[PDB]
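Within every chain, numbering begins at 1; the chains are lettered A, B, ... in the order of the sequence lines, protein sequences first and strands thereafter. Reckoned from all heavy atoms, side chains included, excluding hydrogens, waters and symmetry mates.
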Amino acid sequence: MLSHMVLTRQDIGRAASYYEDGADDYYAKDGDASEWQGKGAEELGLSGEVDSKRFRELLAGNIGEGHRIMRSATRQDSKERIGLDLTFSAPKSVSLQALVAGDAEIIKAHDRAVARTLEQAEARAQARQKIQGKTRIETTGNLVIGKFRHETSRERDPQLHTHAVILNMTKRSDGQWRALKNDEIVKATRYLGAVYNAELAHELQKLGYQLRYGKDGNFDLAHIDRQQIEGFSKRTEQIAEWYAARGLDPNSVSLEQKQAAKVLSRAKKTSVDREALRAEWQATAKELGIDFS
DNA sequence: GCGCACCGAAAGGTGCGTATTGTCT
Ligand SMILES: [Cu+2]
């Protein structure tokens, strides 16, 4: 699954949650939850773990190396864009196999699927440039990306996902950093989701897993049935309950109704004990009759 | 954007809209 969200100033705070380890076990320097990506990042001398400080600066539009603040051309009657959030979420069974049964290779599989997809999003990175009143679009091919891997849903179910925060910046041929023209990436969301799916599936098959493709075109490991997946999909059940209570048909709901059911069905965000949580996951798995073999 | 209206100052730049699967900020 791939979802995108354009980030404006009012979401800059949410750029903090990316660090508040939505992840846990592997967040502890185990392959480290965060990582920079992109030719643009390399252009700014950035690799490895993402720095909370530097990231906050780039979100604000500050390169720092002797440059002026970016996006000053933003109309004051409009929202300053600080980035584009591309969230990759693995199939449930996959999350189970990696987080419950514990299989770091799945985590690597997911990270590769994500990294290869971002390389494709990068090839769609564009900027604008005007000359004598004539505007032109320029495929810059470079992006600065902060990737944050997390492991749980709002209901504390296993939920392997990464937030690929594409910063609103790109370097043109002339060497100037400009806001990102996100048309291409935004309109390529569905396609990029398939690239993720394909890359993930490939990586999973190389580890030896058998995949079961459903109608959608999505998949889940073969040794885990639907009922078992639903037992670790509480948010899904909450959303379905909302539609039921509203007498709505999930097979045809306006965006307003869909977003209303996602947001309004959310419960109170309480902390947990990562150690105890996993033991719960395992106990639950057994009850559901899951064989992580 | 389906080109405009603003921003700042560079015969320059930016938002805007875009998006619509499920495992579900
Ligand atoms: Cu998350």
Inter-nucleotide P distance (B:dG22, B:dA9), Å rounded = 47 Å

Tell me: CG of A:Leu96 to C1' of B:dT23, nearest whole Å?
-> 10 Å

Separation of B:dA5 P from A:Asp77 CG (nearest whole Å) = 12 Å

Just to confirm, is there a sub-4.0 Å distance from OP1 or OP2 of B:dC16 to any side-chain nitrogen or oxygen of A:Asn182?
-> no

Could a donor-acceptor pair under 3.5 angstrom be found where the side chain of A:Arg75 meets the base of B:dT14?
-> no

Got A:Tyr243 and A:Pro250 here, is their nearest side-chain heavy-atom distance under 4.5 Å?
-> yes

Side-chain donor or acceptor of A:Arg128 under 3.5 Å from a matching atom on the base of B:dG15?
-> yes

Return the nearest nucleotide to the side chain of A:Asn218; candidates are B:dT21, B:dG17, B:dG15.
-> B:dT21

Glycosidic class, syn or anti, of B:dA11 using a 90° window around 0 = syn

A:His161 and A:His150 aromatic ring geometry - parallel, tilted or perpendicular at 30°/60° bounds | perpendicular

When rounded to whole Å, the CE to P distance for the pair A:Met169 and B:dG15 reads 11 Å

Position toward the 5' end of DNA chain B (nearest nucleotide), A:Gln76 or A:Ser153 | A:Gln76

For the side chain of A:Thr189, starting at C-beta, report the closest nucleotide among B:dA19, B:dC24, B:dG22.
-> B:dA19

Does the ring center of A:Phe55 lie less than 6.0 Å from the ring center of A:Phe148?
-> yes

Expressed in angstrom and rounded to an integer, what is the separation of A:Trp177 atom CH2 from B:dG13 atom P?
-> 16 Å

Spacing between A:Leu255 atom CG and B:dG22 atom P, to the nearest angstrom = 14 Å

Between B:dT23 (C1') and A:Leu221 (CG): distance, integer Å = 12 Å

So do A:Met1 and A:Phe88 actually touch side chain to side chain, heavy atoms under 4.5 Å?
-> no

Take the protein atom CG of A:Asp183 and the nucleotide atom P of B:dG15, then report the distance between them rounded to whole Å.
-> 11 Å

At under 4.0 Å between heavy atoms, what does A:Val263 touch on the DNA or RNA strands: base, sugar-phosphate, or nothing?
-> nothing

Please assess A:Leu2 against A:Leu86 for the test side chain to side chain contact (heavy atoms under 4.5 Å, CB included), listing each intermediate value before the final yes or no.
-> CA-CA 7 Å; A:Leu2 196 184; A:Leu86 294 185; 4.1 Å; yes

Determine the Euclidean distance between corresponding P atoms of B:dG17 and B:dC7; express it in Å to zero decimal places.
-> 16 Å

Rounded to the nearest 0.5 Å, the CG atom of A:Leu59 sits from the CZ atom of A:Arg81 at a distance of 15.5 Å

What distance, rounded to whole Å, do you find between the two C1' atoms, one in B:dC24 and one in B:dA19?
-> 16 Å

Which whole number of Å gives the distance between the P atom of B:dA11 and that of B:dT21?
-> 45 Å

From B:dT23, B:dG15, B:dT25, pick the nucleotide closest to the side chain of A:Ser89?
-> B:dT23

Do A:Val114 and A:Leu192 share a hydrophobic cluster, counting only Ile, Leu, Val, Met, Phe, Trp and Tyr and linking them when any side-chain heavy atoms are less than 4.5 Å apart?
-> yes

Compare all side-chain heavy atoms of A:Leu211 with those of A:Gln205 and state whether any distance is below 4.5 angstrom.
-> yes

Quick one: is B:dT25 close enough that its OP1 or OP2 comes under 4.0 Å of any side-chain N or O from A:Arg235?
-> yes

Paired with B:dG3: which nucleotide, if any, by Watson-Crick or G-U wobble criteria at under 3.5 Å for both distances?
-> B:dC16

Nearest heavy-atom contact between A:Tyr27 and A:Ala33 is CD1-CB, 3.5 Å

Return yes if the base of B:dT23 and the side-chain atoms of A:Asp157 contain a donor-acceptor N/O pair under 3.5 Å, otherwise no.
-> no

Quantified in whole Å, what is the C1' atom distance between nucleotide B:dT20 and nucleotide B:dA5?
-> 28 Å

Quick one: the side chain of A:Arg81 and the base of B:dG17, do they pair up donor-acceptor inside 3.5 Å?
-> yes

Between protein and nucleic acid, restricted to nucleotides 9-11 of chain B and to nitrogen or oxygen atoms under 3.5 Å apart, what atom pairs and distances do you find?
{"residue": "B:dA11", "atom": "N7", "partner": "A:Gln132", "partner atom": "OE1", "Å": "3.3"}

So, A:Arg235 side chain and A:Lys262 main chain: donor-acceptor pair closer than 3.5 Å or not?
-> yes

Specify the residue among A:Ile82 and A:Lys181 whose closest nucleotide of DNA chain B lies further upstream toward the 5′ end.
-> A:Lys181

Expressed as a whole number of Å, how far does the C1' atom of B:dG1 sit from that of B:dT14?
-> 12 Å

Which part of the nucleic acid does A:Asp11 contact within heavy-atom distance under 4.0 Å: base, sugar-phosphate only, or nothing?
-> nothing

Spacing of the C1' atoms in B:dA10 and B:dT23 (rounded, Å) | 48 Å

Short side-chain N/O contact from A:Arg226 to OP1 or OP2 of B:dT23, under 4.0 Å | yes

Using a heavy-atom cut-off of under 4.0 Å over every strand shown, decide if A:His161 touches base, sugar-phosphate, or nothing.
-> nothing

Heavy atoms under 4.0 Å, any strand shown: does A:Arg172 hit a base, just sugar-phosphate, or nothing?
-> sugar-phosphate

What nucleotide among B:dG22, B:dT14, B:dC16 has an atom nearest to a side-chain atom of A:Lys79?
-> B:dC16

Name the closest nucleotide to the A:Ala179 side chain, picking from B:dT25, B:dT18, B:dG15.
-> B:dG15

B:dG13 and B:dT25, which share atom name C1', separated by this distance in whole Å = 31 Å

Take the protein atom CG of A:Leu264 and the nucleotide atom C1' of B:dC24, then report the distance between them rounded to whole Å.
-> 14 Å

Just checking A:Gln238: base, sugar-phosphate only, or nothing, at a heavy-atom cut-off of under 4.0 Å?
-> nothing

